[PDB]
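Chain by chain, the residues:
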Amino acid sequence: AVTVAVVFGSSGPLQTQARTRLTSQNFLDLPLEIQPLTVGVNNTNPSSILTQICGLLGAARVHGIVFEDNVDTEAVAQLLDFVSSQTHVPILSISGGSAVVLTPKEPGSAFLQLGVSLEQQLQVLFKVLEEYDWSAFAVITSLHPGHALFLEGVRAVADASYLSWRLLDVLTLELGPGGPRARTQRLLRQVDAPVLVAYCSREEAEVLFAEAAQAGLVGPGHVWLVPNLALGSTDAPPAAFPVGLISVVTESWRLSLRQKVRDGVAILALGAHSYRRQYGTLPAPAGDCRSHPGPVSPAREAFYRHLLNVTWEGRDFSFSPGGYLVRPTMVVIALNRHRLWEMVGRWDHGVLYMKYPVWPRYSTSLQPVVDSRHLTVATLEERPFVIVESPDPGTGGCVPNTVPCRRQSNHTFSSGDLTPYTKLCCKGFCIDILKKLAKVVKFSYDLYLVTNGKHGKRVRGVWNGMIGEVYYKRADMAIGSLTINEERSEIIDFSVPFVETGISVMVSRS
Amino acid sequence: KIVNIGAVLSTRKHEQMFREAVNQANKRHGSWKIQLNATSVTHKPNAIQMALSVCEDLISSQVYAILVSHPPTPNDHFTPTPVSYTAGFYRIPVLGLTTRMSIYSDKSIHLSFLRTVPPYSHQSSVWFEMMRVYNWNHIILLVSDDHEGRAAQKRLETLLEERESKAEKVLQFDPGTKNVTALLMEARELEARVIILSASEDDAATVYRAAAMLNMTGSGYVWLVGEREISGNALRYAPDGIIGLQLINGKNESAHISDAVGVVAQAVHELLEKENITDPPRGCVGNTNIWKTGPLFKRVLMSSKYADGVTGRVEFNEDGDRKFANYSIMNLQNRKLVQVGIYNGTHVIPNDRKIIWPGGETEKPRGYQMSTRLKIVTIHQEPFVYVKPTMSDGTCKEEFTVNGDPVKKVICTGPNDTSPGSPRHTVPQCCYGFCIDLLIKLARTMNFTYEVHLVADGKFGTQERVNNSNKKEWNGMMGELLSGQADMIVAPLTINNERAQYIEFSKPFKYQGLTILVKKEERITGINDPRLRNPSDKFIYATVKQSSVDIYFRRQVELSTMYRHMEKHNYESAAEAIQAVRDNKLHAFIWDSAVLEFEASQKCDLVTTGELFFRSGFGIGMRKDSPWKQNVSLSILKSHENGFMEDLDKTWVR
Ligand SMILES: *[C@@H]1O[C@H](CO)[C@@H](O[C@@H]2O[C@H](CO)[C@@H](O[C@H]3O[C@H](CO)[C@@H](O)[C@H](O)[C@@H]3O)[C@H](O)[C@H]2NC(C)=O)[C@H](O)[C@H]1NC(C)=O
Ligand SMILES: *[C@@H]1O[C@H](CO)[C@@H](O[C@@H]2O[C@H](CO)[C@@H](O[C@H]3O[C@H](CO)[C@@H](O)[C@H](O)[C@@H]3O)[C@H](O)[C@H]2NC(C)=O)[C@H](O)[C@H]1NC(C)=O
Ligand SMILES: *[C@@H]1O[C@H](CO)[C@@H](O[C@@H]2O[C@H](CO)[C@@H](O)[C@H](O)[C@H]2NC(C)=O)[C@H](O)[C@H]1NC(C)=O
Ligand SMILES: *[C@@H]1O[C@H](CO)[C@@H](O[C@@H]2O[C@H](CO)[C@@H](O)[C@H](O)[C@H]2NC(C)=O)[C@H](O)[C@H]1NC(C)=O
Ligand SMILES: *[C@@H]1O[C@H](CO)[C@@H](O)[C@H](O)[C@H]1NC(C)=O
Ligand SMILES: *[C@@H]1O[C@H](CO)[C@@H](O)[C@H](O)[C@H]1NC(C)=O
Ligand SMILES: *[C@@H]1O[C@H](CO)[C@@H](O)[C@H](O)[C@H]1NC(C)=O
Ligand SMILES: *[C@@H]1O[C@H](CO)[C@@H](O)[C@H](O)[C@H]1NC(C)=O
Ligand SMILES: *[C@@H]1O[C@H](CO)[C@@H](O)[C@H](O)[C@H]1NC(C)=O
Ligand SMILES: *[C@@H]1O[C@H](CO)[C@@H](O)[C@H](O)[C@H]1NC(C)=O
């Protein structure tokens, strides 16, 4: 039996404490049924927090400690770093606040924040930007600390980025109490960019969004992309937050607090029981309320040598040497036009799965806006011209000179409710000519493969294929090995043919 | 309207002077209702109770600032760090005046920390002028693995990048650990003379004693550190002639207290006349919110240009640290620490004496020592490189040309056969041939010795995001050169723009092209056959991995499909591919014109087809910015003038 500490630090109602304490002993599903002792600080201050910590340190032989916090505090992470450095104690963080990742850590610390590094979030968001291939983007930050590291990170990613990713403008602004609007609000008014990437705090984001709405830089044709620090309280997004905001978080965002606590306890217990397997011994207890013994424990080193590569219930909860997580699964979340946060994509194992082949740019009055230039493109598979294949599995996505394409949804039963959409690599003669058309006429496009049959024929008096998708307004334009005939011509318009063909009789030479 | 200031000192006596210091403020500025007051404590070895008292005594009181100093026991960042955390919870400023740790320079973790002494990393900027003063270009960096060392390394990297220059290499080490003499050895076979170091006192002493074991104390070699590395045991093991930087104040805690009190009083008066100062949280317990005017007080502290300090102008930098600081240049002469100059900005000023260099000389040594023994790396290529096993006696066979002269052969070391199939025995073997002949000629022309050793992997190489990595990294001889294993390449290497960014190609020494080889009926249509354009299972073809042709087929995306064919059957060397084509395991091989025509004129039974779809040169490559490029360029020019390379070809191609 291992004794652990479940620390509550998000204030809130006091009903949380007992409603978690009775379930603390209800963890029988996990090996070596844990003896968790929980405590909750209703004041959330360094003195009381340290008092509880040191009291539980002197209370009994505890091995691992987990802590939860409210979504708008930062110093508690550093306080627990001090605890785990001075006392050499393994700890874990959950919920808002402490889960924020601090790239520098004291060498003697073992606090091991449970979150995602900022640069990894940048990697995910630039991959998403590649999905909608918006090479033009503007960098907008405030004078909030860490923005130097943020600009270093964006410089590093853009430097490691493949395409000539246009940094339209890198700029820093003043946010907080009031602030000078002169040459800063006018600076906003002179900023000209359709895609913006931001970095600031939660209330800084609240103020900046209000200014941007007051700046006139809001609405369709203006997209924002912000990190986790800017966002907060996904349940309660303020009115200042514009619709169509994008970020990426952990899958546990939607889980309940009890589930998060149980998962943290499970990870701790699995590390402990892996130690128990390999070395046949229970984990070495932690330090004391008073001063520290000195050097690191070799058994604590064993816990830090089997802890970093732990998994539980399908999820590999691996950690980075920087006291945070490495390549976990992430959910790309997006604020909708209903002022609600839902799932727009998923980044897992270096793979992006989005439910939106195109980005919906809803306008101010809660209505979608359709671009004139962007246009739905439909086709049928054909080896000489319409080459379809699986996306490159080694690196994800598609190779160059190839377009991402999709099946004709699954509208026979799934009219667009299947969020994992099977991407395909579409390349060929028709792909090349449509690429040239796009690069000349300067219009976007949306490609998807048609499934309901073949080219198209009036069946039972109604048409099908690309002919159906276009004549019945389900699509805009169709391309492929399409022959022009009158029966095809009365109901739909054709351009001038580009490559001539005809009927032919094929035979064996011998 | 009452004000109070918190102090955490170590002497327990300056505290009383601190009591005077606030009085000094009340004696330097008006009293009125400002009610300038003082509060002081001494930190404890156990920081828990220290922070608890800080809450129950300072935050609980009307304290608007906190200062801290260093304890007599050497622990540094051990003591003040929890304070930096505590202040962060309430955004109150904290002033640490006796710390050289760059960790405190962070604003993300230490929100409201300030220092009037720049950290050890800022010392880098100091030495930045050294090389500028004495015109030193070849600079070698050696740094500990500690974060302070990493910060100093990146700071000096930025500085040297400002002049669009670079250190020729940087090396890292662990603190107080075991074998370090490998680094000092590779420093011996390095090029530079002037060395710069950064470590702890015990670490510096270990480096000193190891370098003394390795004769690094001799003339020409120069070392450069701060004041940490020249104390105690490190000072004892530091040889004479070492140059160091000294703080003008160093340990005058009284001057630091006076200047801090003055600037604090000035900032407090400015805040009071700017009003809306709110109040301290009045206790850690209970009050859980942040202090709103904390950022405002921090920014006015940033702009607090209190120039009336005892140390002169107390000017904060961008990060809130002392800017245009004062230091002195000291030279260790005959066990005496002698000063030679002063530093306060963009220009060191000499004051007295002369620099007694570590080798005991009086003249300023140059920054490098050109090594007349260069490094030769290559790959075995029969048209250009012949490699044979030496006899039991370990020499080359007395094999003479048809004209009767012996072939000039050397002893190139390296693995006995390819590493996966080999037991990884770096067996020296006889090697000779065209490239060998020309390198011997140009060496006789420049009169320099050399060392011959073929490439480890056997592949040419390219930038690649290798497994478990992120940055595209070279391999092959380009990687071996960029690492410094070899200093210049001698091989029928192809010039490409990708290599051009990293390896200095001289003028081409030979011209050649790219073509296709088959056996002995569908004469292949060069690079215009559809049967290439749409790959077939009946026709199998490939090239060498990490090679120039791979780069070419990668650039032309229109050819990418054949590149997709490449990754199926790509070979690793010319011999196996040639035999397989002779065995019809492969159908056609894309490679150099010269290689294919050579084997055809010697082996027969196989023919090249199609024209030289890509013409280029084989040019002798070498390291960037090394002086020898112009010499070898004009040498190969004059060799083309008298046709000596043509004579070489007639010796090797009949
Ligand atoms: C393409 O040509 C096909 C043959 O000329 C023909 O498709 C066939 O259409 C019939 C429609 O009656 C399908 O039969 C379906 O309905 C019967 C009952 O009426 C069921 O018993 C069957 O199981 C089936 O559900 C055929 O299955 C279908 N054949 C194929 C191969 O699809 C249409 O003229 C054209 N069809 C399409 C899809 O383009
Ligand atoms: C070839 O390499 C050389 C060394 O890397 C260098 O050119 C050399 O420059 C020195 C300096 O002038 C010449 O030395 C002559 O001049 C000095 C100063 O007057 C005298 O003290 C010497 O005794 C000597 O007379 C070298 O002669 C000269 N080397 C050559 C081959 O000319 C350049 O990097 C390269 N220069 C050329 C021309 O290839
Ligand atoms: C001026 O400063 C002195 C010392 O810093 C204060 O004296 C202490 O005040 C605290 C709380 O204000 C008490 O808990 C201590 O018992 C006091 N000690 C002594 C020796 O007096 C004093 O209160 C401050 N006064 C003002 C007006 O700021
Ligand atoms: C430490 O610095 C203090 C000043 O902060 C020195 O005290 C005075 O320094 C001035 C310098 O111009 C002298 O003129 C005074 O005579 C000093 N006062 C006294 C009472 O001597 C102090 O001397 C310095 N001490 C050391 C060891 O550096
Ligand atoms: C984690 O890694 C260690 C070695 O680093 C290994 O022994 C262990 O089997 C791995 N898996 C665990 C602890 O579940
Ligand atoms: C390490 O280097 C060599 C062997 O690697 C050894 O002779 C030397 O004494 C060692 N030096 C130190 C400082 O450990
Ligand atoms: C150091 O110099 C001495 C002679 O002064 C020599 O015998 C010894 O081999 C040298 N050792 C090294 C490592 O340079
Ligand atoms: C110390 O630096 C200050 C900053 O300007 C200035 O007084 C001077 O450069 C130095 N002090 C003296 C006495 O030279
Ligand atoms: C640097 O030092 C000199 C001499 O102490 C002093 O005048 C001033 O602080 C600085 N002078 C210059 C020219 O930088
Ligand atoms: C021999 O080589 C040395 C150094 O490489 C050079 O100084 C000298 O001039 C050379 N002598 C001849 C005759 O080339």
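Residues numbered from 1 in each chain as written, not as in the entry; some residues may be left out. Chains lettered and ligands numbered in written order. Part of a larger assembly, values for the part shown. Heavy atoms only, no water.

In terms of determination method and resolution, the entry is listed under cryo-EM at 4.3 Å.

Chain B carries the name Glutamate receptor ionotropic, NMDA 1 in the PDB entry, which gives Rattus norvegicus as its organism. Per the PDB record, the entry is named "Structure of the Rat GluN1-GluN2C NMDA receptor in complex with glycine and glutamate (minor class in symmetry)". The record in UniProt for chain B states the following under Sequence similarities: "Belongs to the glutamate-gated ion channel (TC 1.A.10.1) family. NR1/GRIN1 subfamily." (UniProt positions renumbered as here; feature names shortened; annotations may be inferred.)

The name the PDB entry gives chain A is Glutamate receptor ionotropic, NMDA 2C, with Rattus norvegicus as the organism.

K.L.:
Give a description of the overall build of chain B that names residues and reports values.
P.N.:
Each helix and strand counted, chain B has 20 helices and 24 strands in total. For chain B, whose C-alpha radius of gyration is 34 Å, the value lies well above the compact-globule estimate of 26 Å for 654 residues. Counting the 654 residues in chain B, one finds 51% classified as buried. For chain B, the accessible area works out to roughly 31,600 Å², and carbon and sulfur atoms hold 54% of it. Computed over 78 positive and 74 negative side-chain charges, the inter-centroid distance for chain B is 3 Å. (Helix = DSSP H or I, 4+ residues; strand = E, 2+ residues; numbered from the N terminus. Rg over C-alpha atoms; globule rule 2.2 N^0.38 Å. Buried < 20%, exposed > 50% of the residue type's maximum accessible area, 1.4 Å probe, protein only. Areas by Shrake-Rupley, 256 points an atom, 1.4 Å probe, with all protein chains shown as cover. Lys, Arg positive; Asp, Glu negative; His and termini not counted. Charge placed at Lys NZ, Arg CZ, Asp CG, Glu CD.)

K.L.:
Describe helix α9 (residues 253-273) of chain B, with residues and values.
P.N.:
All names here are of chain B. Taking 1.5 Å of rise per residue, 21 residues should cover 30 Å, and α9 covers 30 Å from first to last C-alpha, within 8% of that figure. For α9, the tally of buried residues reaches 16 of 21 residues, placing the bulk of the element in the interior. Following α9 by one or two positions, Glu275 has its phi on the positive side, about 50°. (Expected span 1.5 Å × (residues − 1).)

K.L.:
Kindly report on the site of ligand 6, identifying the contributing residues and their values.
P.N.:
All names here are of chain B. Around ligand 6 sit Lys178, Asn179, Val180 and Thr181, and that is every residue in its neighbourhood. Contacts to ligand 6 include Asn179, whose side-chain N or O atom sits 2.4 Å from an oxygen atom. Contacts to ligand 6 include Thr181, whose side-chain N or O atom sits 2.5 Å from an oxygen atom. Within the complex, 42% of the 360 Å² of free accessible area of ligand 6 lies under protein. In terms of residue class, the shell around ligand 6 is made up of 1 nonpolar, 2 polar and 1 charged. (Near = heavy atom within 4 Å. Polar contact = N/O pair within 3.5 Å; in protein donor to acceptor, adjacent residues only side chain to side chain. Nonpolar A, V, L, I, M, F, W, Y, C, P; charged D, E, K, R; others polar.)

K.L.:
If you had to explain the packing of helix α15 (residues 548-555) of chain B against helix α16 (residues 560-569) of chain B to someone new, which residues and values would you point to?
P.N.:
Residue and element names in this part refer to chain B. The N-to-C vectors of α15 and α16 enclose an angle of 140°; their axes lie 8 Å apart at closest approach. In terms of axis orientation, α15 runs oblique to α16. Regarding α15 and α16, the two cross each other, and that crossing is left-handed. Here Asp550, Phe553 and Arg554 of α15 lie close against α16, whose contacting residues are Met562, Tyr563 and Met566. (Axes fitted to C-alpha atoms, helices over the stretch in contact; angles between N-to-C directions. Parallel < 35°, antiparallel > 145°, perpendicular 65-115°, else oblique. Left-handed = near helix turned anticlockwise from the far one by under 90°. Contact = heavy atoms within 4.5 Å.)

K.L.:
If you had to explain the UniProt feature "disulfide bond" in chain A to someone new, which residues and values would you point to?
P.N.:
Residues and elements named next belong to chain A. Here the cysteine sulfurs of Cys54 and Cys289 are separated by 2.0 Å, meaning the disulfide UniProt annotates for them is intact. Residue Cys54 is found in helix α2 (residues 46-59), and its partner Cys289 is found in the loop between α8 (257-279) and α9 (298-306); the two are separated by 235 residues along the sequence. For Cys289, a relative accessible area of 28% puts it in the partly exposed group. The UniProt disulfide joining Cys405 and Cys426 is present here, with an S-S separation of 2.0 Å. One end of the pair, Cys405, is in strand β21 (residues 403-405); the other, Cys426, is in strand β22 (residues 424-427), with 21 residues separating them in the sequence. Accessibility expressed as a relative area gives 2% for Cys405, which makes it buried. Its relative accessible area of 3% is what places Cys426 among the buried residues. (Disulfide = S-S within 2.5 Å.)

K.L.:
I'd love a proper account of the site of ligand 4, names of residues and values included.
P.N.:
Residues and elements named next belong to chain B. Within the structure, ligand 4 sits among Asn252, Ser254, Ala255 and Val310. For ligand 4, an oxygen atom lies 2.4 Å from a polar atom in the side chain of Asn252. In isolation ligand 4 has 600 Å² of accessible area, and contact with the protein removes 20% of it. Across the shell around ligand 4, the residue classes break down as 2 nonpolar, 2 polar and no charged.

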